[PDB]
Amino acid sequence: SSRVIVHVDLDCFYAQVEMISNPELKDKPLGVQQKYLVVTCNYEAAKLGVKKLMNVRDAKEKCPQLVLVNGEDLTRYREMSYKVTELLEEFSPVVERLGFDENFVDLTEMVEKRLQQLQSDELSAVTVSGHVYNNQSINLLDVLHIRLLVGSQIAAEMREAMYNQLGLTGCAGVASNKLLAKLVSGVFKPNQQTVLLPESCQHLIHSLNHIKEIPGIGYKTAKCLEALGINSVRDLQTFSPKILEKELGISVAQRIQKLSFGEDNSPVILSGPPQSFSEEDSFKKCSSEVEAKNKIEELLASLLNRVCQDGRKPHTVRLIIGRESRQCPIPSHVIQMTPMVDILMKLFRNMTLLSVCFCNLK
């Protein structure tokens, strides 16, 4: 059970999509803004200090030449996201989406097939594509090294297909599990790829500077761990398993501690079509009357075009306004607009934000 996983991570996704549709901006520092924040920017702005989720006031101070584009509508980003995922599904069907700009692909079966076709002659000619983490020396007699290098040839083939067929650049990380692949995909960060050989796994995890940098350890876990004196990856590695179970739970304990060692057995799960369709909208309390209806009529309006185009139909609705939410099934005659409004207004009456969600698709 020696897996070959690849983590694909696109560069400044939103900026890439905007730069593509308008080539004019491709040359100047671009900032995609939602409300009062530059949520992402092309790398030109990165040099000028423009940073992720940065106030537009601040962002313009550091870069007064910034060109700002609105990214509050994710229709184009979402479409490109699934074009990327489908391209990777062409390589291997088992592709896991993480957000809009990241994908895991299990290449294990793919790598084995490519090797069963080779012979001793070319097995020595097996080369690497991209960087080798920590400049580690390859050993062509280590079968795991060869499988990982083939995994890097596939990753390079994916990255070339994305730019050729979709015009997108991105990073790739090849490793033996999802954790390590995702940690190594960013070592060389602009449109580059890296492969992690087993001997350097500890070097990689210890390269992290705080346990919060481990995928799987969020804010709550990080701040709990930070209460037991744990802070570095080695602090978690060498902590007492026994205390850790009591504070977080047998589940959280044994999993994140394994993560601290670079161990992660979680499988790459086929994402498939989405389980929910939603659309939000924040504002400075702008809604405090029945205007909220017209708002809900707007969130609703766009959603219907999406949940219909999908092909599958939703059987549950959620209204959201920490948030709160009330939900309820959807009638059958309804499943086949005016009824949906009032439905969501009684969900409202029972109860700055107005998010509508269609779930329970069949």
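Residues carry their position along the shown sequence, with the first being 1.
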Deposited but uncoordinated residues in the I321/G322 interval
4 to 9
Between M351 and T352 - deposited residues without coordinates, as a size class:
4 to 9
Which is higher on average in the deposited entry, the C-alpha temperature factors of 11 to 19 or of 337 to 345?
337 to 345
Per the entry, where is the mean C-alpha temperature factor higher: 249 to 257 or 181 to 189?
249 to 257
Comparing recorded Cα B-factors across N42, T316, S332, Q34, which one is largest?
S332
When the deposited Cα B-factors of this chain's modelled residues are ordered and cut into thirds, is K285 in the lowest, the middle or the highest one?
highest
Quick check on the deposited entry: does the C-alpha B-factor of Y219 sit in the lowest, middle or highest third of its chain?
highest
Consider only the C-alpha atoms of the modelled residues in this chain, order them by B-factor as the entry records it, and name the third containing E96: lowest, middle or highest.
lowest
Chain-relative CA temperature factor third for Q136
lowest
Chain-relative C-alpha B factor for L123 (record values, thirds): the highest
